[PDB]
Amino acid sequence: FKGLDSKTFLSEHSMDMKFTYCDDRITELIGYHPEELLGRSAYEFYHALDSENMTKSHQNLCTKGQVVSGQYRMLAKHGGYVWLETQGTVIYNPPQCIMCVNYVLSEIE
């Protein structure tokens, strides 16, 4: 059994959804090293069956400024999928980047 902090990690993305930063906590949870994620869009990692609903959530983030994802799957480093829920927040300046708080709902399946 894991405590809440240990199932939660932060990520940052450009407005193109590419990772620009990720907490090292992801490595124990999903297997990626943060540096291998940089430059890759979140869309490279969504299960096919979640792709249309995530595209709708991204649209909503970009119109509302802040959205919770609902339950979705991320492709894990060595195959299979982890269920996550994410709260997304756009940081607008003087949009600059998206900040994500990600919470893991399952082990790798």
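All residue numbers are counted from 1 along the displayed sequence.
Annotation: residue 93 belongs to the positions left without coordinates in at least a third of the other compared entries, with flanking residues modelled. Of the two segments, 13-21 and 85-93, the one listed with the higher mean B-factor is 85-93 (C-alpha atoms only). If you average the C-alpha B-factors over 54-62 and over 29-37, the higher value belongs to 54-62. Per the PDB record, 67 has a higher Cα B-factor than any other of 48, 42, 67, 76.
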